[PDB]
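Enquirer: Dropping the structure in here first, questions after.
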Protein chains: 2
Amino acid sequence: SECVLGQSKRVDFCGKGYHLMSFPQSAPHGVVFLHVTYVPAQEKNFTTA
Amino acid sequence: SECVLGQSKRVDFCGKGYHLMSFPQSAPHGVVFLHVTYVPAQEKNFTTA
Ligand SMILES: *[C@@H]1O[C@H](CO)[C@@H](O)[C@H](O)[C@H]1NC(C)=O
Ligand SMILES: *[C@@H]1O[C@H](CO)[C@@H](O)[C@H](O)[C@H]1NC(C)=O
C-alpha cells in the first residue's frame, strides 16, 4: 500500500537508496516486489562557503 | 500519535485519499477514529507538452 500506490520518503523501506517505483509479483504463498532505486555514481569534491 | 497530532504522508494510513485531519472517539474495549480526507471529483482531459 505504501510503495506501490505512491512514493515513500521513509529511508530504506522500499529499496536501498532513493525510491522511485515498485511492481508486485505473485508467488506460491508469497509476494515478490521489484523495487526501483536511484544511486549517485561519480563524486568530485569541491570547496564551499 | 501520527494522524491525530499531525498530518500523514503515508498512503492509505489515516484514511483512503489525501489525509487532512482525524478525531478520536472512545468505545468499550477499543477506540474509533473519524478520518477526514480529500477526493477529486470531476475529471477533464487535455493536451500537454
Ligand atoms: C578532493 O579529495 C582528494 C582526496 O580525497 C584531495 O587530494 C583533493 O585535494 C580534494 N580536492 C580539493 C579541491 O581539495
Ligand atoms: C477525452 O476522453 C474521451 C473518452 O475517453 C475522448 O473521447 C476524448 O477525445 C478525450 N479528449 C480529447 C481532447 O481527445
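FYI, nothing fancy with the C-alpha cells labels: chains A, B, ... in order, residues from 1 per chain, ligands from 1 as they appear.
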For ligand 1, collect every residue having any atom at a distance of at most 12 Å from a ligand atom (counting only C-alpha atoms and all ligand atoms); output as a PDB file with N, CA, C and O atoms, in the first residue's frame.
Expert:
```pdb
ATOM      1  N   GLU A  43      31.714  10.953  -7.957  1.00  0.00           N
ATOM      2  CA  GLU A  43      31.867  12.033  -6.990  1.00  0.00           C
ATOM      3  C   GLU A  43      33.080  12.879  -7.342  1.00  0.00           C
ATOM      4  O   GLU A  43      34.115  12.348  -7.753  1.00  0.00           O
ATOM      5  N   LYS A  44      32.946  14.194  -7.180  1.00  0.00           N
ATOM      6  CA  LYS A  44      34.038  15.133  -7.417  1.00  0.00           C
ATOM      7  C   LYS A  44      33.945  16.228  -6.362  1.00  0.00           C
ATOM      8  O   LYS A  44      32.996  17.018  -6.373  1.00  0.00           O
ATOM      9  N   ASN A  45      34.916  16.272  -5.454  1.00  0.00           N
ATOM     10  CA  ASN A  45      34.853  17.198  -4.334  1.00  0.00           C
ATOM     11  C   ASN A  45      35.204  18.618  -4.770  1.00  0.00           C
ATOM     12  O   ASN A  45      35.844  18.845  -5.800  1.00  0.00           O
ATOM     13  N   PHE A  46      34.773  19.582  -3.958  1.00  0.00           N
ATOM     14  CA  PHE A  46      34.919  20.998  -4.268  1.00  0.00           C
ATOM     15  C   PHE A  46      35.286  21.743  -2.989  1.00  0.00           C
ATOM     16  O   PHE A  46      35.650  21.141  -1.975  1.00  0.00           O
ATOM     17  N   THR A  47      35.186  23.068  -3.047  1.00  0.00           N
ATOM     18  CA  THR A  47      35.342  23.941  -1.891  1.00  0.00           C
ATOM     19  C   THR A  47      34.098  24.810  -1.775  1.00  0.00           C
ATOM     20  O   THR A  47      33.672  25.419  -2.762  1.00  0.00           O
ATOM     21  N   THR A  48      33.523  24.868  -0.581  1.00  0.00           N
ATOM     22  CA  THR A  48      32.245  25.530  -0.352  1.00  0.00           C
ATOM     23  C   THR A  48      32.416  26.705   0.606  1.00  0.00           C
ATOM     24  O   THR A  48      33.504  26.962   1.130  1.00  0.00           O
TER      25      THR A  48
END
```
Enquirer: Using only C-alpha atoms, which chain A residues lie at most 7 Å away from chain B, written as a list in words?
Expert: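 Matching residues, ligands excluded from the count: residues 1, 2 and 6 of chain A.
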Enquirer: Next, the residues of the selection above should be written as a PDB file, in the first residue's frame with C-alpha atoms.
Expert:
```pdb
ATOM      1  CA  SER A   1       0.000   0.000   0.000  1.00  0.00           C
ATOM      2  CA  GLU A   2       2.890   2.395   0.608  1.00  0.00           C
ATOM      3  CA  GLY A   6       2.789   6.107  -4.243  1.00  0.00           C
TER       4      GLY A   6
END
```
Enquirer: Please return, as a ChimeraX atom specification, all residues of chain A that DSSP assigns to strand (DSSP E) on the basis of the backbone.
Expert: /A:24-27,30-33
Enquirer: Applying 9 Å and only C-alpha atoms, which residues near region 16-29 of chain B remain after dropping the ones on its own chain fewer than 4 positions away? List them as a compact mmCIF listing (two decimals) with N, CA and C atoms, in the first residue's frame.
Expert:
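Here's the written file part-v3.txt:
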```
# COMPACT_ATOMS: atom_id res chain seq x y z
N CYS B 3 -1.78 10.36 13.03
CA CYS B 3 -2.91 11.03 12.39
C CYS B 3 -3.44 12.17 13.26
N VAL B 4 -3.67 11.90 14.55
CA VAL B 4 -4.38 12.87 15.38
C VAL B 4 -3.52 14.11 15.64
N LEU B 5 -2.25 13.92 15.95
CA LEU B 5 -1.38 15.01 16.38
C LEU B 5 -0.65 15.68 15.22
N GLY B 6 -0.97 15.32 13.98
CA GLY B 6 -0.33 15.95 12.84
C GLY B 6 -0.95 15.59 11.51
N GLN B 7 -0.13 15.47 10.47
CA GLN B 7 -0.57 15.09 9.14
C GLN B 7 0.35 14.00 8.61
N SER B 8 -0.24 13.02 7.93
CA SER B 8 0.48 11.84 7.48
C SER B 8 0.64 11.86 5.97
N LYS B 9 1.87 11.64 5.51
CA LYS B 9 2.16 11.48 4.09
C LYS B 9 2.13 10.02 3.66
N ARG B 10 1.94 9.09 4.59
CA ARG B 10 1.86 7.68 4.25
C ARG B 10 0.56 7.40 3.52
N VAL B 11 0.65 6.68 2.40
CA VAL B 11 -0.52 6.42 1.57
C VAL B 11 -1.40 5.38 2.24
N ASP B 12 -2.68 5.70 2.41
CA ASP B 12 -3.68 4.81 3.00
C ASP B 12 -3.25 4.36 4.39
N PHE B 33 -11.92 5.97 15.22
CA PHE B 33 -11.42 7.16 14.57
C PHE B 33 -12.41 7.68 13.53
N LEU B 34 -12.27 8.96 13.20
CA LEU B 34 -13.07 9.62 12.16
C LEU B 34 -12.10 10.33 11.23
N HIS B 35 -11.64 9.62 10.20
CA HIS B 35 -10.65 10.17 9.29
C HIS B 35 -11.30 11.07 8.26
N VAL B 36 -10.78 12.29 8.12
CA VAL B 36 -11.21 13.23 7.10
C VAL B 36 -10.22 13.16 5.94
N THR B 37 -10.74 13.25 4.72
CA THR B 37 -9.92 13.06 3.53
C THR B 37 -10.27 14.14 2.51
N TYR B 38 -9.78 13.96 1.28
CA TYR B 38 -9.98 14.94 0.21
C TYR B 38 -9.86 14.19 -1.11
N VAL B 39 -10.94 14.15 -1.87
CA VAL B 39 -11.01 13.30 -3.06
C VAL B 39 -11.39 14.12 -4.29
```
Enquirer: Just how far from CA of residue 15 (chain B) is CA of residue 31 (chain A), in Å to one decimal?
Expert: 24.3 Å
